[PDB]
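S.K.: As a preliminary step, the opening chains of the complex are given here in situ:
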Amino acid sequence: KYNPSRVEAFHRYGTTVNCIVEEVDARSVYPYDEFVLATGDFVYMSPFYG
């Protein structure tokens, strides 16, 4: 994590970006209009949409 350099008696802001890629297993149930990922995040679209 990037934190701002110390300057006495100041409020300082610091930004950090971490680009993350993951492989997850997604599960869907009948009638297969939604599927949820391994992280507990739903995706509201049929797995077979195209």
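M.R.: Thanks, I have it. Residues are numbered from 1 along each chain as shown, chains lettered A, B, ... in the order given.
S.K.: how about the strands in chain A?
M.R.: A:27-28, A:35-36, A:42-43 (DSSP state E).
S.K.: Turn these into TSV, columns for mean neighbour count and distance to residue A:11.
M.R.: C-betas here are computed from N, CA, C, even on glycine. Converted to TSV, these look like this (neighbours: other C-beta atoms under 10 Å; distance: least, C-beta to C-beta, whole Å):
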stretch	mean neighbour count	distance to residue A:11
strand A:27-28	12	45
strand A:35-36	16	40
strand A:42-43	11	38
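S.K.: among those strands, which is nearest residue A:6?
M.R.: Proximity to residue A:6 (C-beta to C-beta) singles out strand A:42-43 among the strands of chain A, at 42.7 Å.
S.K.: of the strands of chain A, which approaches residue A:5 most closely?
M.R.: Nearest to residue A:5 among the strands of chain A is strand A:42-43 (40.8 Å), distances taken as C-beta to C-beta.
S.K.: That closest one pairs with which strands?
M.R.: strand A:35-36 (antiparallel) (DSSP bridges).
S.K.: Please work out which residues outside the partner strand touch it.
M.R.: For strand A:35-36, the surrounding residues in contact (C-beta atoms under 8 Å, 6 or more residues apart in numbering) are A:26-28, A:42-43, A:45-47.
S.K.: with the structure above as the base, add chain B:
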Amino acid sequence: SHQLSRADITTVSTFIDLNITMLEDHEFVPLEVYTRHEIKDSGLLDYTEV
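M.R.: Time to bring in chain B:
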């Protein structure tokens, strides 16, 4: 005249026949429609794993 073996003369049966056969031994195997693991896997999300 002569001697004769017992088998030389035809025999009529004076016994009434009664036929009984035993019940065959049978084995019952463990058989379930759904196991514990399949029922647990039926859920879409598991709080513990997530």
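S.K.: can you check the contacts of strand A:35-36 again with chain B included?
M.R.: Residues from elsewhere that reach strand A:35-36 (C-beta atoms under 8 Å, 6 or more residues apart in numbering or on different chains): A:26-28, A:42-43, A:45-47, B:44-45.
S.K.: In chain B, what residue comes closest to chain A?
M.R.: With C-beta to the nearest C-beta as the measure, residue B:50 is the residue of chain B nearest to chain A, at 4.4 Å.
S.K.: Tell me, how many residues neighbour residue 11?
M.R.: With no chain named, the answer covers chain A. Around residue A:11 there are 6 other residues, counting by other C-beta atoms under 10 Å in any protein chain shown.
S.K.: actually chain B
M.R.: Residue B:11 has 7 neighbouring residues, counting by other C-beta under 10 Å.
S.K.: How about the one 5 residues further on?
M.R.: Residue B:16 has 5 neighbouring residues, counting by other C-beta under 10 Å.
S.K.: part of a strand, is it?
M.R.: No: the assignment for residue B:16, made by DSSP: H, G, I helix; E, B strand; the rest coil, is coil rather than a strand.
S.K.: Next, it: phi, psi?
M.R.: Phi and psi for residue B:16, reported as degrees, to the nearest 10, are phi -90, psi 130.
S.K.: Enumerate the residues of chain B near chain A.
M.R.: For chain B, the contact set with chain A under C-beta under 8 Å from any C-beta of the partner chain comprises B:44-45, B:49-50.
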